[PDB]
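A quick write-up on the structure given underneath.
Any value given below was found using the heavy atoms of this structure, including those in side chains, with hydrogens, waters and symmetry copies removed. Just so you know, ligand 1 is whichever comes first in the structure, and atom 1 is the first atom listed for that ligand. Throughout, residue positions are numbered sequentially from 1 according to the sequence presented.
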Amino acid sequence: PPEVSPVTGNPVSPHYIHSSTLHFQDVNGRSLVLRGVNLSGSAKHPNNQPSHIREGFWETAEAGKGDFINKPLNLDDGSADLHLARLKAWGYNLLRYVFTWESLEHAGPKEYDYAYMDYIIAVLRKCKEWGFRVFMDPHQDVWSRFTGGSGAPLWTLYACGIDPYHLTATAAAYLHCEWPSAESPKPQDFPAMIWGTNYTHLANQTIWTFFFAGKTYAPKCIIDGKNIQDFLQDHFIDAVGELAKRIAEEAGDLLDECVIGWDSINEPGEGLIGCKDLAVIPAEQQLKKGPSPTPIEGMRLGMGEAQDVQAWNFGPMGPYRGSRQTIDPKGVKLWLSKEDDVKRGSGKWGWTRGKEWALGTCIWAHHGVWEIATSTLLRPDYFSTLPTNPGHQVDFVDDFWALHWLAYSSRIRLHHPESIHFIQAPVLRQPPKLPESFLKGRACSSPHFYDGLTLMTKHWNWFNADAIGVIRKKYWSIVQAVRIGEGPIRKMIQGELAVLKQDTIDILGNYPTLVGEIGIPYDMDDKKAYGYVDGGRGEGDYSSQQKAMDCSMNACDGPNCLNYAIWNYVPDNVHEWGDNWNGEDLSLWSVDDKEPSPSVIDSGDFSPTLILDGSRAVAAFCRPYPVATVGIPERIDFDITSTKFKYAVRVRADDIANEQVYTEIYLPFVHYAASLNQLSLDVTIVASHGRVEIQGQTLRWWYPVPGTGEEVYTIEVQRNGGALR
Ligand SMILES: CN1C[C@H](NC(=O)Cc2ccc3c(c2)NC(=O)CO3)C[C@H]1CO
Ligand SMILES: [Mg+2]
């Protein structure tokens, strides 16, 4: 690695993690692997406002409030250190830190919650004191909580001319708090993983088109003298930059040593950009479930007109058409009236709206996309090209997302000069070619991956299918994408993670890859493992959950040897409501599943209750792996049943190896302890070269580099006497 930064040309801190090659590297040239969790989804919503509670949901946000203090970690009751000790004891060295635009700018435009950013600083310092590397996640889901997920403050909806209280009657967004109606909600009946379909309902279809391309498809949406595009992007970027600046000015010791970089905006929605025909839902749209209006059908509903729409079920091979369904808004419109914009919109939050921004009527009709009098669609391919140049067919990633990233990454570097750009292309899209003028040899691909079949069906199936192959039309038929049996399924999923690596080197360059999100649902089979069904039979049996996560985790091993962050870790998770967000339940830990310095955790002299009590399928997500390596990682293999761990390293004659520069491997007590009834490893170790040493949950491996060329060394570990109970 170089002696100066490829971004600034200055010398680097000793803690610097290089991100200019296919692997993270410390200053001694050791390849680093960073593995951990997202902390935390609990930060998606304010205190006492879980997704399923409607009381106070709208009122507090209307008053400009947004109390996220002590999320994700309560710094007042001493629980924060225990949680971090548990994560560190599981061997994690990485945290994807979750924060929302709402939590920063809920009071109003440019009225930032500086107390909450100080809280974030206070949490990040504990993380630094516990030895975690962190990168920051500006997080959202289907734009905002008020459109069915998480992210942006309520006032952005009014800024877009939308009356939040008409979203349900229009079916422009499905809110857990208001399912099936705002009058008689039954949050527990909220269909599984339906919240994601909000991306293909009118509110998100509109707002995301504004955000990434307002100047192109909505040129008459002027707000404060700017197109809504700049209004929204400036305000989102300014907010995140305001947090980075604060950290830079008030806690600069965090930068690079702990906070190594910033993720791009989370899973950005595409809106209607690229829609080839507003009259149909393309067969390529992979996710359909429940009532699924086409774009024009949703717009007609947005004007209060009843529509008979197709409903979709999710079957073993993906969505398929069920029965048709009639949505009747009974005349209720989605669009804020002029009167309400004065009382609740522009006049309340403090902006001026342009004369040509028609209110109380559909904004796409106002731009000639369809005619309201006849309810007829006029320009079905309007988002397919540029109105100014119909010859150019749009690519959302290249033409709109990339331009946003350019402005976003610039701000990040402005306040965090040595920041790694963790590049998150839109879900299941390849990243764009980005200019080295902006990457500057300090970037990492941060794609997400989920076992999609397992996540939608909340079941570990005896079959599975190659999602990425289907998207890339690899197979003549979707049936040829199916695999049967653990082996084939695991090999298939490992091959899917390999595509993420291929995307990086082919497109971005010789940079590392890190799976920013990966995980499996624990609320499987109607919560049999929580004891909810079959007269309580199966309570505590996480066999299916353990196999699903073991398969996802194994996919990051093999030849991939990937960095990743598991989704997720929710201190306030419970069996009844899961993660308290849209019925998702992906937490590794729950108080409902229960029956201290850093130095003591490094010592291994802690109680086994810390690493097991409250965990779910801990055998799958707490695994051996090499934190730092002299050379390049070539292959990781770990087997729960036998506890057998095998790691191959490609060592090169030019690599640096000596007494203080060695390979370090985490060996979890969970799999290798003598007993879990001090704690100690009870293992047999076989190394092709060099010597080894054991203390706590840490294995140190000294070996010499080859005299010339490169050779592959191996180390094998296995618990004495089989696996634990
Ligand atoms: C657990 N929830 C799930 C949700 N995010 C997504 O669903 C996006 C996604 C990414 C990668 C994927 C697929 C989907 N689908 C595939 O089939 C394989 O790769 C948000 C997250 C936390 O709240
Ligand atoms: Mg103002």
Are the aromatic ring centres of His235 and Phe231 under 6.0 angstrom apart?
yes

Enumerate the atoms of ligand 1 whose separation from the nearest heavy atom of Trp195 is less than 4.0 angstrom.
4 (C), 20 (C)

Mind checking whether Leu455 contacts ligand 1 via backbone (N, CA, C, O), side chain (CB onward), both or neither, at a 4.0 Å heavy-atom cut-off?
side chain

for atom 23 (O) of ligand 1, nearest protein heavy atom and its distance come out as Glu584 OE1, 2.6 Å

Just to verify, what does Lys226 make a salt bridge (charged side-chain N to carboxylate O under 4.0 Å, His left out) with, not counting sequence neighbours?
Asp234

Could you tell me if any non-hydrogen atom of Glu517 lies under 4.0 Å from any atom of ligand 1?
yes

If the cut-off is 4.0 Å to any non-hydrogen atom of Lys44, which atoms of ligand 1 fall inside it?
22 (C), 23 (O)

Atoms of ligand 1 less than 4.0 Å from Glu267 heavy atoms?
5 (N), 6 (C), 8 (C)

Show which atoms of ligand 1 fall inside a sub-4.0 Å distance from at least one heavy-atom site of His448.
11 (C)

Show me the donor-acceptor pairs within less than 3.5 Å that the side chains of residues 484-492 make with the rest of the protein, sequence neighbours left out.
| unit_1 | atom_1 | unit_2 | atom_2 | d |
| --- | --- | --- | --- | --- |
| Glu486 | OE2 | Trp460 | NE1 | 2.8 |
| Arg490 | NH1 | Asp550 | OD2 | 2.6 |

Would you mind listing which atoms of ligand 1 come within a distance below 4.0 Å of any non-hydrogen atom of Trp581?
23 (O)

At a non-hydrogen distance cut-off of under 4.0 Å, which region of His139 contacts ligand 1 (side chain, backbone, both, or neither)?
neither

